[PDB]
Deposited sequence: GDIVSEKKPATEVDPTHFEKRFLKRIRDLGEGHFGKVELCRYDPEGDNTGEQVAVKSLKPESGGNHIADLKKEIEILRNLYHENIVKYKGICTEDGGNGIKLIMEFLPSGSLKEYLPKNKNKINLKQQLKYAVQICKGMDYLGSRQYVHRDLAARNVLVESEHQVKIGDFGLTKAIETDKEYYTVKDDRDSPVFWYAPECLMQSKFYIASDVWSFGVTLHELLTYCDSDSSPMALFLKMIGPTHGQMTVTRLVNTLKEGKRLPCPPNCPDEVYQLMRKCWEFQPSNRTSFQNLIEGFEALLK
């Protein structure tokens, strides 16, 4: 018996966790005894892209880090990705609900854990390209995990970036200017996304101070097909998301190093881990 082979006939749908417009992530129970005692799993599948999900499956199968969601296996009819279920969900769901329990010290420990997870990915020559609070899962009050790798791409040995072709669904309010301007994705681009994610974590993912809400207030909400060129212009003039309420200036200064215009001038994940650990002493 292969423990990473899930039979379709025992994978019972409970409900949806998430949707792109090419597929979904569902809560199922793997229940081979038919009595509802089976483990709950998160199951990624396509609407009725296949090559892309097969590559994503193969990336996650071979990642093993305490701050990366666990691969559990596949269901093959078409193919489904079986992952551990984290019932606390993303930081976007968990933080608004748990402000009273989650103080600054705990936010800096989640930041360190996100940086460790990201630096392990970068070490395997991957660029994530979708690092946001909605993709960071809460394992417990004390631990988070990167929970989705839908846009993760390999960087070829002795290249520095991956160039993207399908960009129409880009999370632009999280993207470094080289991604907006030239569709180029470097590890330094994930560091820029991490700065935005840290901004979300420090605002407890409140929807009224999201990266999108705050950038739209800055550039104007009614520019349609010009939205992205105004955002790049704004970033060109030096403007950045403001210091979160209650956020100490030396945390804000580590965030700002994620957002130097030029990839080569941004902080490393290792430098961020050291900065946060210094603040935690």
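Going by the record, the unmodelled stretches of the deposited sequence, in order, are 1-12, 61-65, 95-98.
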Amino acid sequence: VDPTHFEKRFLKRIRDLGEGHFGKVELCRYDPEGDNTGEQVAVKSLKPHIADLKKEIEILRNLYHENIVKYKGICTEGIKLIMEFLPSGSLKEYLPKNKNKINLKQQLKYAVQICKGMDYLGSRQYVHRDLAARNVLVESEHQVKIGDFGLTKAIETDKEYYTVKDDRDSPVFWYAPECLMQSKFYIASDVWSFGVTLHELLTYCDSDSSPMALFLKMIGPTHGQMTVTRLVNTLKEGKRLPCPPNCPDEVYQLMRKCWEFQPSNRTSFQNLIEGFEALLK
From here on, numbers count along this sequence of modelled residues.
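Throughout, rigid core stands for the largest set of C-alpha atoms superposing within 1.5 Å between the two forms.
Choosing between 226-234 and 22-30, the greater Cα displacement from the shown form in 9 other deposited structures of this protein, fitted by the core, goes with 22-30. With each structure aligned by its rigid core, the stretch whose Cα atoms sit farther from this model in 9 other deposited structures of this protein, between 137-145 and 160-168, is 160-168. Compared with other entries of the same protein, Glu77 falls in the group left without coordinates by at least a third of them, where both flanks are modelled. Per-stretch averaging of Cα B factors for 220-228 and 30-38 places 220-228 on top. Relative to one another, 260-268 and 17-25 have unequal mean CA B-factors, and 17-25 is the one with the higher figure.
As recorded in the PDB entry, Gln182 shows the highest C-alpha B-factor of the residues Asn98, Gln182, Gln106, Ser88. Of the candidates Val43, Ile59, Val69, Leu46, the PDB record gives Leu46 the highest C-alpha temperature factor. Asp148 sits in the lowest third of its chain by CA B factor, as recorded in the PDB entry. Annotation for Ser140: CA B-factor lies in the middle third of the chain's modelled residues. Per the PDB record, residue ranking by Cα B-factor puts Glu178 in the middle third of the chain.
Ranked by C-alpha B-factor against the other modelled residues of its chain, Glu160 falls in the highest third. In the deposited entry, the Cα temperature factor of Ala154 places it in the highest third of its chain's modelled residues.
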